Every structure is written in structure tokens, then in C-alpha cells.
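Asks: Next up, my_file23.cif (mmCIF, C-alpha atoms).
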data_start
loop_
_atom_site.group_PDB
_atom_site.id
_atom_site.type_symbol
_atom_site.label_atom_id
_atom_site.label_comp_id
_atom_site.auth_asym_id
_atom_site.auth_seq_id
_atom_site.Cartn_x
_atom_site.Cartn_y
_atom_site.Cartn_z
ATOM 1 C CA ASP N 4 67.665 -5.222 -59.310
ATOM 2 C CA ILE N 5 66.773 -8.173 -61.547
ATOM 3 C CA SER N 6 70.538 -8.404 -62.032
ATOM 4 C CA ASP N 7 70.644 -9.524 -58.410
ATOM 5 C CA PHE N 8 69.560 -12.915 -59.707
ATOM 6 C CA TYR N 9 72.213 -13.317 -62.450
ATOM 7 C CA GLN N 10 74.999 -14.911 -60.391
ATOM 8 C CA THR N 11 72.943 -17.991 -59.522
ATOM 9 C CA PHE N 12 71.964 -18.396 -63.172
ATOM 10 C CA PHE N 13 75.547 -17.963 -64.451
ATOM 11 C CA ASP N 14 76.724 -20.702 -62.057
ATOM 12 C CA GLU N 15 73.851 -23.067 -62.902
ATOM 13 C CA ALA N 16 74.463 -22.508 -66.633
ATOM 14 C CA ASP N 17 78.219 -23.216 -66.411
ATOM 15 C CA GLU N 18 77.457 -26.466 -64.574
ATOM 16 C CA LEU N 19 74.757 -27.449 -67.067
ATOM 17 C CA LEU N 20 77.121 -26.660 -69.950
ATOM 18 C CA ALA N 21 79.759 -28.930 -68.425
ATOM 19 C CA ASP N 22 77.163 -31.727 -68.023
ATOM 20 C CA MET N 23 75.981 -31.191 -71.582
ATOM 21 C CA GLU N 24 79.521 -31.533 -72.890
ATOM 22 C CA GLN N 25 80.225 -34.760 -71.002
ATOM 23 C CA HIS N 26 76.928 -36.362 -72.027
ATOM 24 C CA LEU N 27 77.554 -35.353 -75.633
ATOM 25 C CA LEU N 28 81.025 -36.889 -75.538
ATOM 26 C CA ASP N 29 79.625 -40.131 -74.105
ATOM 27 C CA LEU N 30 76.763 -40.458 -76.571
ATOM 28 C CA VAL N 31 76.748 -43.386 -79.002
ATOM 29 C CA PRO N 32 75.150 -41.726 -82.081
ATOM 30 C CA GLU N 33 73.578 -44.864 -83.584
ATOM 31 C CA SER N 34 72.190 -45.982 -80.219
ATOM 32 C CA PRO N 35 71.961 -42.898 -77.960
ATOM 33 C CA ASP N 36 71.081 -43.798 -74.375
ATOM 34 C CA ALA N 37 67.624 -42.301 -73.885
ATOM 35 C CA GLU N 38 68.490 -41.159 -70.366
ATOM 36 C CA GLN N 39 71.587 -39.332 -71.633
ATOM 37 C CA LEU N 40 69.768 -37.447 -74.382
ATOM 38 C CA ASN N 41 67.048 -36.501 -71.921
ATOM 39 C CA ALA N 42 69.717 -34.942 -69.696
ATOM 40 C CA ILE N 43 71.186 -32.906 -72.568
ATOM 41 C CA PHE N 44 67.704 -31.726 -73.540
ATOM 42 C CA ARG N 45 66.879 -30.764 -69.942
ATOM 43 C CA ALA N 46 70.116 -28.791 -69.524
ATOM 44 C CA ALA N 47 69.282 -26.902 -72.749
ATOM 45 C CA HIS N 48 65.663 -26.323 -71.667
ATOM 46 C CA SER N 49 66.870 -24.978 -68.301
ATOM 47 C CA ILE N 50 69.433 -22.647 -69.813
ATOM 48 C CA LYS N 51 66.843 -21.354 -72.305
ATOM 49 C CA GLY N 52 64.320 -20.445 -69.627
ATOM 50 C CA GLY N 53 66.938 -18.607 -67.611
ATOM 51 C CA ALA N 54 68.047 -16.773 -70.756
ATOM 52 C CA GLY N 55 64.455 -15.747 -71.445
ATOM 53 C CA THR N 56 63.827 -14.609 -67.874
ATOM 54 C CA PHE N 57 66.836 -12.278 -67.955
ATOM 55 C CA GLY N 58 66.562 -11.032 -71.529
ATOM 56 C CA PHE N 59 69.768 -12.676 -72.797
ATOM 57 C CA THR N 60 68.435 -12.630 -76.360
ATOM 58 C CA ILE N 61 71.400 -14.180 -78.154
ATOM 59 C CA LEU N 62 71.736 -17.072 -75.703
ATOM 60 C CA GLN N 63 67.986 -17.692 -75.646
ATOM 61 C CA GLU N 64 67.666 -17.990 -79.425
ATOM 62 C CA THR N 65 70.795 -20.129 -79.704
ATOM 63 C CA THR N 66 69.604 -22.532 -76.996
ATOM 64 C CA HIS N 67 66.086 -22.429 -78.424
ATOM 65 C CA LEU N 68 67.235 -23.855 -81.757
ATOM 66 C CA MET N 69 69.397 -26.498 -80.124
ATOM 67 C CA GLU N 70 66.557 -27.557 -77.796
ATOM 68 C CA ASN N 71 64.133 -28.162 -80.663
ATOM 69 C CA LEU N 72 66.785 -30.342 -82.285
ATOM 70 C CA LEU N 73 67.451 -32.275 -79.089
ATOM 71 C CA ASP N 74 63.714 -32.766 -78.715
ATOM 72 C CA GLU N 75 63.595 -34.327 -82.190
ATOM 73 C CA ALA N 76 66.491 -36.643 -81.396
ATOM 74 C CA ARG N 77 65.135 -37.702 -78.022
ATOM 75 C CA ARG N 78 61.645 -38.369 -79.405
ATOM 76 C CA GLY N 79 63.429 -40.530 -81.964
ATOM 77 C CA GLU N 80 62.252 -38.343 -84.865
ATOM 78 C CA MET N 81 65.807 -37.441 -85.872
ATOM 79 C CA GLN N 82 68.763 -39.728 -86.438
ATOM 80 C CA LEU N 83 72.088 -38.740 -84.865
ATOM 81 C CA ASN N 84 75.611 -39.267 -86.201
ATOM 82 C CA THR N 85 79.108 -37.926 -85.489
ATOM 83 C CA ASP N 86 78.563 -34.743 -87.520
ATOM 84 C CA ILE N 87 75.441 -33.819 -85.544
ATOM 85 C CA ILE N 88 77.137 -34.501 -82.206
ATOM 86 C CA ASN N 89 80.071 -32.334 -83.297
ATOM 87 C CA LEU N 90 77.599 -29.555 -84.163
ATOM 88 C CA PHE N 91 76.065 -29.884 -80.696
ATOM 89 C CA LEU N 92 79.539 -29.643 -79.112
ATOM 90 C CA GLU N 93 80.268 -26.546 -81.182
ATOM 91 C CA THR N 94 76.911 -25.179 -80.014
ATOM 92 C CA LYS N 95 77.865 -25.854 -76.372
ATOM 93 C CA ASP N 96 81.182 -24.053 -76.983
ATOM 94 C CA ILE N 97 79.432 -20.966 -78.403
ATOM 95 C CA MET N 98 76.771 -20.878 -75.655
ATOM 96 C CA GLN N 99 79.614 -20.836 -73.078
ATOM 97 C CA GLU N 100 81.193 -17.844 -74.855
ATOM 98 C CA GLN N 101 77.819 -16.066 -74.843
ATOM 99 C CA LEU N 102 77.404 -16.744 -71.129
ATOM 100 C CA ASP N 103 80.947 -15.533 -70.405
ATOM 101 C CA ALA N 104 80.148 -12.243 -72.151
ATOM 102 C CA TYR N 105 77.014 -11.709 -70.037
ATOM 103 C CA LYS N 106 79.031 -12.433 -66.857
ATOM 104 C CA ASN N 107 81.111 -9.389 -67.815
ATOM 105 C CA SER N 108 78.076 -7.244 -68.721
ATOM 106 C CA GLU N 109 79.305 -7.503 -72.329
ATOM 107 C CA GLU N 110 77.485 -8.427 -75.507
ATOM 108 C CA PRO N 111 78.064 -11.911 -77.023
ATOM 109 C CA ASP N 112 79.783 -12.331 -80.438
ATOM 110 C CA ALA N 113 77.333 -11.471 -83.266
ATOM 111 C CA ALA N 114 79.148 -13.435 -85.960
ATOM 112 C CA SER N 115 79.366 -16.624 -83.909
ATOM 113 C CA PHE N 116 75.668 -16.232 -83.133
ATOM 114 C CA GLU N 117 74.707 -16.002 -86.833
ATOM 115 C CA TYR N 118 76.920 -18.900 -87.782
ATOM 116 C CA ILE N 119 75.660 -21.322 -85.139
ATOM 117 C CA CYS N 120 71.979 -20.443 -85.661
ATOM 118 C CA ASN N 121 72.402 -20.823 -89.424
ATOM 119 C CA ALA N 122 74.000 -24.251 -88.989
ATOM 120 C CA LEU N 123 71.360 -25.400 -86.501
ATOM 121 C CA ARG N 124 68.568 -24.327 -88.814
ATOM 122 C CA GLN N 125 70.259 -26.025 -91.738
ATOM 123 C CA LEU N 126 70.340 -29.293 -89.806
ATOM 124 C CA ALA N 127 66.655 -29.045 -88.857
ATOM 125 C CA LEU N 128 65.861 -28.431 -92.494
ATOM 126 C CA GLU N 129 67.920 -31.482 -93.504
ATOM 127 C CA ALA N 130 66.165 -33.447 -90.781
ATOM 128 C CA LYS N 131 62.855 -32.709 -92.509
#
Could you quickly redo this structure as C-alpha cells?
Replies:
Amino acid sequence: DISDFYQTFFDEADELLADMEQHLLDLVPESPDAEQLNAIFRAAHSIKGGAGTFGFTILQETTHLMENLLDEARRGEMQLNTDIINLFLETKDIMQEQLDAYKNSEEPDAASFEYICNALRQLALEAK
């Protein structure tokens, strides 16, 4: 029954992933427009909550780690650069694959999950 609420989430998520991608591509690393970063962070926060609500473990954890990083960057605690933005784009790419698996009642890719989470946690570490 709870699956009766997946379709709306899947559509919202796809749209938010597209927005995330465009904002990422338009970001100026050394001087990121505050309003643009806030939008990326909000898309991630939204996707994370939906993932939690429906028990999409892999997507939730992946988005969780990205969100914390986007929070650091938007609060100005973390400096951005082209490498970080490329990591965010790669993260958006992987999240889309995870979502596409759920749409098919399939399980996301375990290896891609471990790789992206490892990279995101490495960056946070480096940020500290």
C-alpha cells in the first residue's frame, strides 16, 4: 500500500535531480551563488526525506552524505573547486541510477554505492 505513494516521489526526484545537475553545472566554484547552492542542498534534503520515508536505504545514505557536504559548502565552512563539483555531479549520476532501480522494484548497484559513499566521506575528512 505504501508503494501507492512511490510514483509521485520518483517523479519529484527525477525533476530534483535534473535541477541539481543544472545548478551544479552553473556553479562558479570560487564564488558560488548562495541562492544556487541553497537550491542544490534543498533538492538533496527533499530526496533524502523521501528515501527515508519509503525505506530506500541505499539512496537515503548516499543523499545523506552529499547533503551534509552541501550544508558545509552553503554555510561557507567548506571551499569548493572543480574536483568537488565533479564529485557532486558523479553523485547526482549515481543517485539517478539508484532511483531508476527502485522504479523497477530492483535493488541499486552495491559497488557504485560503496564507491560514492567512500569518496564523499573522504572529501568530508579532507574538509576537516
Asks: Using the chain letters and residue numbers of this document, give as a PyMOL selection string the residues selected by the PyMOL selection byres ((chain N and resi 77-85) around 12).
Replies: chain N and resi 27-45+70-76+86-92+126-131
Asks: Which residue gives the smallest distance to residue 5 (chain N) among N:56, N:107, N:94, N:125, with only C-alpha atoms counted?
Replies: N:56
Asks: By how many Å are CA of residue 26 (chain N) and CA of residue 54 (chain N) apart?
Replies: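 Taking CA of residue 26 (chain N) and CA of residue 54 (chain N), their separation equals 21.5 Å.
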Asks: Measuring between all atoms listed in the file, which one of N:21, N:12, N:62, N:48 shows the shortest distance to residue 111 (chain N)?
Replies: N:62
Asks: Return as lines of an AutoDock Vina configuration file the centre and edge lengths, in Å with one decimal, of the box along x, y and z that encloses every atom of region 111-116 of chain N in the file, padded by 8 Å per side.
Replies:
center_x = 77.7
center_y = -14.0
center_z = -81.5
size_x = 20.1
size_y = 21.2
size_z = 24.9
Asks: Mind telling me what the PyMOL selection byres ((chain N and resi 17) around 12) catches here, as a PyMOL selection string?
Replies: chain N and resi 10-16+18-24+46-47+49-50+95-96+98-103+106
Asks: Now that the selection is made, can you save its residues with C-alpha atoms as an mmCIF file, in the frame of the given file?
Replies:
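Written file, result.cif:
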data_model
loop_
_atom_site.group_PDB
_atom_site.id
_atom_site.type_symbol
_atom_site.label_atom_id
_atom_site.label_comp_id
_atom_site.auth_asym_id
_atom_site.auth_seq_id
_atom_site.Cartn_x
_atom_site.Cartn_y
_atom_site.Cartn_z
ATOM 1 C CA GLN N 10 74.999 -14.911 -60.391
ATOM 2 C CA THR N 11 72.943 -17.991 -59.522
ATOM 3 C CA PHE N 12 71.964 -18.396 -63.172
ATOM 4 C CA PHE N 13 75.547 -17.963 -64.451
ATOM 5 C CA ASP N 14 76.724 -20.702 -62.057
ATOM 6 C CA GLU N 15 73.851 -23.067 -62.902
ATOM 7 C CA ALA N 16 74.463 -22.508 -66.633
ATOM 8 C CA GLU N 18 77.457 -26.466 -64.574
ATOM 9 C CA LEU N 19 74.757 -27.449 -67.067
ATOM 10 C CA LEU N 20 77.121 -26.660 -69.950
ATOM 11 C CA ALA N 21 79.759 -28.930 -68.425
ATOM 12 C CA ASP N 22 77.163 -31.727 -68.023
ATOM 13 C CA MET N 23 75.981 -31.191 -71.582
ATOM 14 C CA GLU N 24 79.521 -31.533 -72.890
ATOM 15 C CA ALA N 46 70.116 -28.791 -69.524
ATOM 16 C CA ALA N 47 69.282 -26.902 -72.749
ATOM 17 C CA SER N 49 66.870 -24.978 -68.301
ATOM 18 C CA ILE N 50 69.433 -22.647 -69.813
ATOM 19 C CA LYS N 95 77.865 -25.854 -76.372
ATOM 20 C CA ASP N 96 81.182 -24.053 -76.983
ATOM 21 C CA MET N 98 76.771 -20.878 -75.655
ATOM 22 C CA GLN N 99 79.614 -20.836 -73.078
ATOM 23 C CA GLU N 100 81.193 -17.844 -74.855
ATOM 24 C CA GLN N 101 77.819 -16.066 -74.843
ATOM 25 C CA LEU N 102 77.404 -16.744 -71.129
ATOM 26 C CA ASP N 103 80.947 -15.533 -70.405
ATOM 27 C CA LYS N 106 79.031 -12.433 -66.857
#
Asks: Record the distance separating CA of residue 122 (chain N) and CA of residue 9 (chain N), expressed in Å with one decimal.
Replies: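 Result for CA of residue 122 (chain N) versus CA of residue 9 (chain N): 28.8 Å, one decimal.
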Asks: What does the distance from CA of residue 123 (chain N) to CA of residue 105 (chain N) come to in Å, to one decimal?
Replies: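 Taking CA of residue 123 (chain N) as the start and CA of residue 105 (chain N) as the end point, the length is 22.1 Å.
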Asks: Using all atoms listed in the file, pick whichever of N:4, N:97, N:64, N:51 has the shortest atom-to-atom distance to residue 112 (chain N).
Replies: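 Answer, going by the shortest atom-to-atom distance: N:97.
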Asks: In terms of the shortest atom-to-atom distance over all atoms listed in the file, which of N:6, N:108, N:115, N:121 is closest to residue 68 (chain N)?
Replies: N:121
